[PDB]
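I have placed the structure first, in the form of structure tokens, so that the comments after it can refer back to it.
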Amino acid sequence: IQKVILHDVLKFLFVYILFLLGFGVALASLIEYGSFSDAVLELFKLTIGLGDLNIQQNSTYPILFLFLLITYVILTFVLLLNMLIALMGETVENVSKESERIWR
Amino acid sequence: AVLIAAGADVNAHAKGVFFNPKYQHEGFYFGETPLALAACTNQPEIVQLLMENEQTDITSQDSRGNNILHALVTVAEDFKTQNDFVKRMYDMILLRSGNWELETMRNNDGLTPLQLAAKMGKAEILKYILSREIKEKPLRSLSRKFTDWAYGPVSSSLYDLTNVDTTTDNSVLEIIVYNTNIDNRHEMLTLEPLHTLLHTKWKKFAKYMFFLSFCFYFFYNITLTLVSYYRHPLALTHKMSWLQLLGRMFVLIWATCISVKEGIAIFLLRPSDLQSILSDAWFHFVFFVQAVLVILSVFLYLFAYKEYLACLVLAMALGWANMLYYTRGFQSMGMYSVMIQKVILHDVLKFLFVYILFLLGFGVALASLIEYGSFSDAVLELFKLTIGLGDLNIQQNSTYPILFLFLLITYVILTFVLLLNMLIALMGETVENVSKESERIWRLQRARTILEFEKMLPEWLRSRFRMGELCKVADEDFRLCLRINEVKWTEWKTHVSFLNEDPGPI
Amino acid sequence: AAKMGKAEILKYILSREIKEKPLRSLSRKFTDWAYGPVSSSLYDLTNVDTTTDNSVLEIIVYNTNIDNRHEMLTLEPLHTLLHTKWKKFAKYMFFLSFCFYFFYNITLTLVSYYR
Amino acid sequence: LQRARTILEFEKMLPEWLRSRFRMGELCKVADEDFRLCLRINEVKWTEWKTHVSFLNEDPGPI
Ligand SMILES: CCCCCCCC/C=C/CCCCCCCC(=O)O[C@@H](COC(=O)CCCCCCCCCCCCCCC)COP(=O)([O-])OCC[N+](C)(C)C
Ligand SMILES: CCCCCCCC/C=C/CCCCCCCC(=O)O[C@@H](COC(=O)CCCCCCCCCCCCCCC)COP(=O)([O-])OCC[N+](C)(C)C
Ligand SMILES: CCCCCCCC/C=C/CCCCCCCC(=O)O[C@@H](COC(=O)CCCCCCCCCCCCCCC)COP(=O)([O-])OCC[N+](C)(C)C
Ligand SMILES: CCCCCCCC/C=C/CCCCCCCC(=O)O[C@@H](COC(=O)CCCCCCCCCCCCCCC)COP(=O)([O-])OCC[N+](C)(C)C
Ligand SMILES: CCCCCCCC/C=C\CCCCCCCC(=O)O[C@@H](COC(=O)CCCCCCCCCCCCCCC)COP(=O)([O-])OCC[N+](C)(C)C
Ligand SMILES: CCCCCCCC/C=C\CCCCCCCC(=O)O[C@@H](COC(=O)CCCCCCCCCCCCCCC)COP(=O)([O-])OCC[N+](C)(C)C
Ligand SMILES: CCCCCCCC/C=C\CCCCCCCC(=O)O[C@@H](COC(=O)CCCCCCCCCCCCCCC)COP(=O)([O-])OCC[N+](C)(C)C
Ligand SMILES: CCCCCCCC/C=C\CCCCCCCC(=O)O[C@@H](COC(=O)CCCCCCCCCCCCCCC)COP(=O)([O-])OCC[N+](C)(C)C
Ligand SMILES: CCCCOc1ccc(C(=O)CCN2CCCCC2)cc1
Ligand SMILES: CCCCOc1ccc(C(=O)CCN2CCCCC2)cc1
């Protein structure tokens, strides 16, 4: 658990906040807002798994109000999380031969 | 030997088309002399027999301008094919000559044998030339590596930096970095006078110029966000003498200084290739896009054009994507961003083409039990379902109940069990192959950074940040050298070659 | 040897070079010229090309019994004989078959969507 | 193995006047009155140094 938090998880968080505060303030275009508390929260609730689509219905533009919402889902799910699993597999493979001595 | 001692000419020049081919399989370029042919086909006893003759002109030039030492560089290959002999023919011919006439000669491209091995990507001839130590007594000025002192298992050497540093145009360090043709550049930047010459540039000036470039681009995106969030936003055309008026000015000035600077570097750079944009000049375009969109949004507003808010959100949302560029100052975060590139190219672009084939395949063809405006709506009810939310009023208001799952189950089996789980299975294979190369392919990125900070320095400041020391390596031979220390426990010999009897730093 | 899947006897026969003087017509691989480390050879295509019925290239491809077919198609006159067919005619017939089946699904969708 | 079965089915649906134009091979003279239909492949080899006795042409090159 120690080798995964140091070598893998702390680098994931810096890249994700760069998009979460990147997209988050810059969503207040088709709906404006108090954006930094709210439009950041509507992109974090969407990442947990719940979602509220009344803001897409009450948008200035319909289906075009998916391009900043699709580009968020492509990066954070396909790209960033699946590359975390690909690096934890490399990290477990190197520490499994040393974990008996570094425990003792 | 019968023919030569009967009057045969030893200075012929085969000027044919077969000996000067256009393509590799149509002929054999060897150097157009009887001495280049005996050397390039591994016949060392005829090479000695031809140089002991007195009519042999060892300093002649053929149709390309090449001489005997340019010709051996051209036919040189790896260890897996030729195995030794070009490196052993190079110094047999060099030591017999006995001076710097062959090594300092320029062909019709204007290159020496040192610069031609770097232009063509020969990493085994170049390893030989840069660290060439000749320990004999009458021929020691033909060296590029000296020994300053030694005591026990402790030595101190002196490399030579005459054409391998960036004090002259078209040098060995510059050629390797800007060379888009060859593909083993990150195995030629680990060689011994070149590895330490980039490491010293980073600690003296180039890590401080890289922090100042990061602060000013960080403040450019904060100021562009705050004046656009607290609302036309920019340039404040109605003066109320407001303090912190610089924020509307600083965004406008700095967006012109990028667009001019990237207008040049796009115009000069053209290695015309699809591999060029994906590897070197991706960020030369996408800093030029943003600097246009800030300026063009101001020019739209001044007449009536009303599209002055579309560009500003594009200029802000792109302006935060670009700041992953600045991760290459740290080894930890830099190598991580390298593997983002290899995953987007090799894994993600192929996933998207197969998924849209089902998303527009199922999507229009769902309008059967519910009809619809299907292409906007029934496509959206299959993309909302993939995000994670779902709306089941259309299944209740279907023509057929539970049968309205077969096109909805066949969608979930493919996109979750099959397609996504095979993406993870391929990223594990892709990370495993690039993890051994990511340290060198990162250093090829940072080496191009250092050599562009050096060009934007005035001449009084180039002189202060400069490596090298004038040593005395022979009788009136003063060179500009670079000292590297070493500890070696395996070869025990007595020391005869040294520039100083008394060791130590002094 | 191709019907039964013997990839070591078949490697021997297809590239059989006999350099002796009285028995050289028993070869299936000749040397046209050579100069230094550069040569140019000539394979033989008498029963291994598809100009006759029941040939060596046809037998290996349509052979469902054996299981090492993809190790018999990498042998030296057969690897280059398929690569040349693809560049002359077979990559252009494969694009024309893709366009017409693409237009068949677009037209079948639009006439069924706009009822 | 998938693409090789594709090529050999496109070849069957060609008329006989068009088979003749797309055809590999060249009539060589490999012995006394032995004309065969051959396929030329080039090679570069740096490891075996021998002198050449077997060759159909003294004068090399494409011609
Ligand atoms: C805040 C979110 C909640 C998370 C919990 C709070 C976290 C608080 C933690 C704070 C500091 C972390 C613990 C100490 C780390 C020291 C070095 C280390 O071990 O890292 C190693 C891995 O490489 C990395 O982890 C790179 C660090 C990522 C930089 C992003 C900023 C901080 C990340 C934090 C969060 C991102 C959020 C970004 C928001 C601004 C470096 O490799 P090494 O094995 O040490 O090799 C020697 C390197 N050396 C030669 C240079 C010495
Ligand atoms: C001695 C003190 C006085 C010396 C003054 C001499 C004058 C020297 C300078 C002269 C001119 C510099 C050119 C910049 C032009 C304006 C800004 C601009 O538009 O360019 C660019 C920024 O470029 C930078 O701002 C980098 C910082 C360079 C300044 C050097 C600091 C002083 C030199 C002393 C150093 C010693 C320090 C160590 C001391 C121990 C903007 O583009 P970018 O996107 O930000 O760049 C990314 C490139 N990319 C697009 C390819 C991705
Ligand atoms: C114009 C923006 C593109 C958007 C769609 C994509 C279209 C084309 C896509 C093609 C996919 C395959 C090619 C990917 C790029 C080349 C490889 C690469 O460098 O990967 C980089 C991707 O880094 C990023 O993700 C940021 C760059 C912009 C992408 C959009 C991010 C969110 C934008 C928000 C919305 C804005 C919407 C746009 C507004 C108009 C990572 O680079 P690196 O390895 O970490 O650093 C070293 C790189 N080097 C060695 C090359 C120097
Ligand atoms: C649009 C969705 C948003 C995504 C962002 C926008 C993306 C815009 C990007 C556009 C072009 C991509 C960047 C340049 C790639 C050049 C070659 C390359 O590096 O790929 C490599 C990986 O192999 C592949 O990636 C295969 C490509 C998939 C084909 C699907 C169509 C386009 C994919 C895009 C999206 C799918 C959607 C489909 C909708 C129609 C090929 O391997 P290689 O290492 O180069 O080896 C040399 C190969 N060679 C010998 C032939 C030279
Ligand atoms: C662990 C580290 C990361 C933590 C998670 C990040 C999220 C943390 C979540 C909340 C943090 C704050 C808690 C209270 C919530 C808001 C109140 C507030 O003061 O916000 C102020 C800033 O909001 C703005 O001014 C919007 C403009 C963007 C600010 C600059 C861009 C930042 C991007 C670069 C950042 C540099 C670092 C980037 C790192 C790569 C004002 O808010 P407001 O606009 O007036 O509306 C809300 C006010 N209300 C509630 C009263 C209605
Ligand atoms: C230049 C690059 C070429 C591509 C075109 C990209 C441009 C955009 C693409 C399609 C837009 C279609 C029309 C909208 C723009 C017209 C202006 C407008 O009035 O709309 C408004 C919204 O404007 C926006 O902010 C756009 C919506 C999302 C922001 C950008 C993401 C879309 C980029 C997708 C492709 C990226 C590139 C694809 C490859 C990565 C702005 O003005 P407003 O009406 O005052 O504000 C509405 C609120 N109010 C009415 C209540 C006040
Ligand atoms: C978005 C949220 C941002 C929040 C922060 C996120 C952080 C990260 C995210 C992104 C940032 C990633 C890169 C930026 C860091 C700088 C570049 C760098 O490599 O750092 C270097 C130091 O950097 C320094 O120079 C130390 C600072 C003190 C002196 C600098 C003051 C200006 C120059 C003064 C003169 C003024 C001009 C002349 C006037 C007389 C690293 O050095 P190190 O770490 O100590 O050791 C590592 C080993 N290494 C060196 C081989 C790597
Ligand atoms: C990045 C690339 C992929 C992008 C994502 C894909 C989805 C992009 C999402 C939206 C894209 C368009 C945006 C506007 C929304 C619809 C408006 C419109 O003009 O659509 C028209 C086409 O719709 C039809 O005519 C339905 C019949 C199917 C079309 C042909 C099959 C396509 C499959 C093969 C495709 C070849 C390529 C396949 C690649 C492997 C008419 O629409 P409508 O039927 O009248 O109802 C909607 C009209 N309304 C809103 C006014 C009510
Ligand atoms: C201010 C909030 C900072 C929290 O920063 C993170 C938020 C979410 C994540 C996630 O990874 C989302 C979890 N996600 C994982 C995969 C399946 C569904 C849930 C990571 C960092
Ligand atoms: C016009 C829309 C094009 C977007 O094209 C994609 C949509 C979704 C995905 C996904 O991969 C869904 C994300 N999914 C990942 C696993 C857990 C839950 C979220 C990929 C491409």
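Data table
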{"read-out": "Test for residue A:14: is it at the interface with chain B (Cβ under 8 Å from one of its Cβ atoms), within 16 Å of ligand 1 (Cβ to nearest atom) and either in contact with a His (Cβ under 6 Å, 6 or more places away or on another chain) or at negative phi (or both)", "value": "yes"}
{"read-out": "Residue, farthest from the chain's Cα centre (by Cα), within the stretch A:77-93, restricted to residues that are away from ligand 10 (no atom under 16 Å from the Cβ) and within 7 Å of chain B (Cβ to nearest Cβ)", "value": "A:90"}
{"read-out": "Where a residue in the stretch B:351-373 is over 12 Å from residue B:411 (Cβ atoms) and its partner, wherever it lies, is away from ligand 9 (no atom under 16 Å from the Cβ) and of a type outside the set (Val, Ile, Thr), with Cβ under 6 Å and at least six apart", "value": "B:364/B:374; B:364/B:375; B:367/B:374; B:367/B:378; B:369/B:398; B:369/B:400; B:369/B:404; B:370/B:398"}
{"read-out": "Meets criteria (within 16 Å of ligand 1 (Cβ to nearest atom) and surrounded by fewer than 17 Cβ atoms within 10 Å (Cβ to Cβ)) for residue B:329", "value": "yes"}
{"read-out": "Helices (runs of 4 or more DSSP H) completely within the stretch B:264-331 that count 1 or more residues being more than 24 Å from residue B:211 (Cβ to Cβ), within 26 Å of the chain's Cα centre (by Cα) and more than 16 Å from ligand 10 (Cβ to nearest atom)", "value": "B:274-277, B:282-285, B:288-301"}
{"read-out": "Residue that is nearest to ligand 2 (Cβ to nearest atom), among those in the stretch A:1-11 that are surrounded by fewer than 15 Cβ atoms within 10 Å (Cβ to Cβ) and within 11 Å of chain B (Cβ to nearest Cβ)", "value": "A:10"}
{"read-out": "Listing of helices (runs of 4 or more DSSP H) fully contained in the stretch B:128-238 that carry 1 or more residues being within 16 Å of ligand 4 (Cβ to nearest atom)", "value": "none"}
{"read-out": "Residue match in the stretch B:351-365 (condition: within 9 Å of ligand 3 (Cβ to nearest atom), under 28 Å from residue B:290 (Cα atoms) and either within 12 Å of chain A (Cβ to nearest Cβ) or in contact with a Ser or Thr (Cβ under 7 Å, 6 or more places away or on another chain) (or both))", "value": "no"}
{"read-out": "Pair list, Cβ under 8 Å, 6 or more apart: the stretch B:200-216 residue away from chain A (no Cβ under 14 Å) and closer than 13 Å to residue B:452 by Cβ, other residue away from ligand 1 (no atom under 16 Å from the Cβ) and aromatic (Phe, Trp, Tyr)", "value": "B:201/B:465; B:205/B:453; B:205/B:465; B:206/B:453; B:209/B:453; B:210/B:453"}
{"read-out": "Criterion (touching a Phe, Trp or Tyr at 6+ places or on another chain (Cβ under 9 Å) and within 9 Å of another protein chain (Cβ to nearest Cβ)) met by exactly one of B:420, B:414", "value": "B:420"}
{"read-out": "Failed item, numbered, when residue B:425 is tested on (1) aliphatic (A, V, I, L, M); (2) in contact with a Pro (Cβ under 7 Å, 6 or more places away or on another chain); (3) surrounded by fewer than 13 Cβ atoms within 10 Å (Cβ to Cβ)", "value": "(2)"}
{"read-out": "Residue list for the stretch B:379-407, filter: within 13 Å of chain A (Cβ to nearest Cβ), hydrophobic (A, V, I, L, M, F, W, C) and either on the phi > 0 side of the Ramachandran plot or touching an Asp or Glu at 6+ places or on another chain (Cβ under 9 Å) (or both)", "value": "B:385, B:389"}
{"read-out": "Subset of the stretch B:366-378 (residues that are more than 14 Å from chain A (Cβ to nearest Cβ) and surrounded by 14 or more Cβ atoms within 10 Å (Cβ to Cβ))", "value": "B:366, B:367, B:368, B:369, B:370, B:372"}
{"read-out": "Unique match (being more than 9 Å from every other protein chain (Cβ to nearest Cβ) and touching a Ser or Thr at 6+ places or on another chain (Cβ under 6 Å)) among A:44, A:65", "value": "A:65"}
{"read-out": "Out of B:443, B:448, sole residue that is within 23 Å of the chain's Cα centre (by Cα), surrounded by 15 or more Cβ atoms within 10 Å (Cβ to Cβ) and among the charged types (D, E, K, R)", "value": "B:443"}
{"read-out": "Residue in the stretch A:41-50 that is over 19 Å from residue A:15 (Cβ atoms) and within 16 Å of ligand 6 (Cβ to nearest atom) present", "value": "yes"}
{"read-out": "Hey, residue A:17 within 16 Å of ligand 5 (Cβ to nearest atom) and in a helix (DSSP H, G or I) or not", "value": "yes"}
{"read-out": "Among (1) assigned to a helix (DSSP H, G or I); (2) more than 9 Å from chain B (Cβ to nearest Cβ), the one test that residue A:70 misses", "value": "(2)"}
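Values in this text are rule-based calculations from the coordinates and carry no lab data. For neighbour counting, all protein chains shown are included, and Cβ atoms are generated from backbone atoms with ideal geometry for every residue, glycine included.
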